[PDB]
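Below: one protein chain in two forms, given as structure tokens, structure 1 then structure 2.
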Structure 1
């Protein structure tokens, strides 16, 4: 049996590009994504996937998460709760493994099993160069008004983060009106000054400030967090997937992916 791999668009971890006319595309893999169509996936997490595949000797098929989401747990409406995003696909069976910049937290870990982290990072804030704020504690952030507008990605770990603490509630109620469907769109809306601040993964945000030199981060991590591989609570692969990730930190592989993609 082959492994079904779900992932998600998220430069520099997963680039998504259209196959040229022949149905063909740096290592690149054929992945299907939204009714579905063949496409070209590459990047950091792809290199990782290919390393795990050869290391542990398995075959795989990659597709993009149908609703384009990382995954949170929402109430069905009522009573039932359900996971959307990559989280939902893994739990349902549509995926066997999540390979993606997937943040580790208590909520998801309750239901799935994470590998040891293949990437230590945190949360920071992206803005357009002319803007200056101290950080996550600036008056305009902690005391919001539509005169200064900031957002995160919907149904993301950052979303969970801000909804979780009563004390973060007014920020969360401000973000709720402005939250975007993809980080790409949110980063774009920051360049166009349609968005003032984007609260998101530093691994991602500092790569964009790195090349889109009209955007910058402030400043400063204000929260540590990490990415790991998603597998379901079983799982035969789980222990050996961790060992591999550890091995790749230790022997320089992960350090190389950093330098190839970040």
Structure 2
């Protein structure tokens, strides 16, 4: 009947965003084994214009749309954010768009957490992840229990992104009190700057989402992730409560974990051999 409004956000390798060619089409590209890269037009801010979206999440959308037989239009979130609750409390970003009806589904690396789940519903997770630690190659940190994290000094500086979900996690547990006070002093304004600081040896360890950090390490051989994951979670498709789509989207995702499909998406988008 009517096309679902899909909202997404720019985050490689889940969603790449590139300009259209001069004729308005998306450049034809192929995988190493000759398969066409599937691309969709996604409108959004560069001024709102049609752009080209592809990646793990786009391939997943396409699989869901074809399996469940729905049609869709994809756009990039207008304010460029995942969504937090803020005073004007109302959700902004993709959460706000989903709740307002500007979107019908959020298809993106959207972490399942208590706060969001109070307002929306999630599919079963299409990818598992957690927090991990990004360091310079050669640096050894066992995880959140490493003595250089538990007993901080300026000889080994670690941090996360100010006001992020990570910042909030450390703030909330008394046993991490000592780590939180160190981080509160070194936290960065954005993940990109924290990542650069590790490359530049101004930050010894950056604590962040594993799906982000592992992707950085796969592309930049002077960086690596280290240690046991902690605060595990999953990424799910977001829908308003009592969605007609949730059950079948969840069943498709579970089937895909079990039949190789999700693994094929990981081989296609997440796995590299440069480093």
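Positions refer to the first chain, counted from 1. By rigid core we mean the largest C-alpha set that fits within 1.5 Å across both forms.
Enquirer: Core-aligned, between structures 1 and 2, one residue among 70, 198, 44, 227 moves its CA by 2 Å or more. Tell me which.
Expert: The one that shifts is 198.
Enquirer: So the chain behaves as two rigid parts; what rotation angle in ° separates the smaller part's two orientations between structures 1 and 2?
Expert: So the smaller rigid part is rotated by 25 degrees.
Enquirer: If I align on the rigid core, how far apart are the two C-alpha positions of residue 185 between structures 1 and 2? Answer in Å.
Expert: Taking the core as reference, the C-alpha of residue 185 is shifted 6.4 Å.
Enquirer: Relative to the superposed core, what is the Cα shift for residue 104 between structures 1 and 2, in Å?
Expert: So the C-alpha of this residue moves 0.4 Å.
Enquirer: Please give the CA displacement of residue 212 between structures 1 and 2, in Å, after core superposition.
Expert: The alpha-carbon displacement, core-superposed, is 1.7 Å.
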